[PDB]
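Just one chain follows, in the form deposited in one PDB entry, and it is written as structure tokens.
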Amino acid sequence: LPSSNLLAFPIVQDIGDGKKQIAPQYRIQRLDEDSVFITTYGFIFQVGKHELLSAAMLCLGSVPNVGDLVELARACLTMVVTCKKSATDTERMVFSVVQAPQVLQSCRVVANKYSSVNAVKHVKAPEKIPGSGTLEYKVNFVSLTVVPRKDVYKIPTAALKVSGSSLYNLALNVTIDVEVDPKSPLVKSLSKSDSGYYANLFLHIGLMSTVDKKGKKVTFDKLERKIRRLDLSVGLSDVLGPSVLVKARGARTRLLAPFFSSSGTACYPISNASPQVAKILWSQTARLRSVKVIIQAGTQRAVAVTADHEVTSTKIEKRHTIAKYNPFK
């Protein structure tokens, strides 16, 4: 009965259970060099009478952390936005900002007056969106996150693809508990817990050497120490989109260096990792259920024929969560 459950639309001018219409809502995560990252969520409608078409997410960029955050979230609802389909190598949603408040002028989207973004990642059901006709995007949810810019360093794509015979792929087996109404049609795609329901996400976060300087097998017993030394913490956030933040408290080997910032931090947008999980996290409050570090072979060909190793000597700290929305006032 949280109103954000309607961000699952069409998988389900307003209505829901049970005040049977919904108000605008905001949430604010504090992860505190600080900026405030702004994500909005809402609905694509065909203007008629209005036919609700799909939920959608439009992230605006970031602004300095000054002023009353509640008042900033308020201003985000005063935008007027149109949208239309386009394509490049894949389908896009193009959002045109018709009007917006002054504080926002500073974020890339508003200054630019447009955002052309990957449709599958920002629209729940882009197949329900007509390729012509008069479409509008109405914001109902504002998600702000306060965090140092340096702390949401994204790993270059090329680094995440590096593979090699003499390397081990480091990954996280992440399970995420998700609050879902048992009769929701979303249950169908989740795993069933004894407590409720959860999503699986397998995330690549590092590389390690199969050998010690110039010689022998790394004892495969003691990759484990190297990993404990890394000292990982993992959390969830909305930083322009649901994302897994990972921190290494400990020093990094040379192979692991490009996988973290100079302050031991890495942000992994889920919509690149798993577009379907990301979209579930739009509508449901969610929390890390467990995080296991896994060592796999360092090429995909080898992964196919060789047993994964689960690292058991660690206990990953699980920290921040994707927080509940609240009405204004």
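When you see a residue number, it is the position in the sequence shown, counting from 1. Superpose the two forms; the largest set of C-alphas matching within 1.5 Å is the rigid core.
One more form of this protein exists, namely the form deposited in another entry; it is left out here, but the text below deals with it.
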task = Once the core is aligned, please say if the CA of residue 306 is shifted by at least 2 angstroms between this form and the one not shown.
result = no
message = For residue 320, does the CA position differ by 2 Å or more between this form and the one not shown when the superposition is done on the rigid core?
response = no
query = Do the C-alpha atoms of residue 315 and residue 266 sit closer or farther apart in the other form than they do here, given a shift of 3 Å or more?
reply = closer
ask   = Relative to what is shown, are the Cα atoms of residue 142 and residue 317 closer or farther apart in the other form, where the gap shifts by 3 Å or more?
value = closer
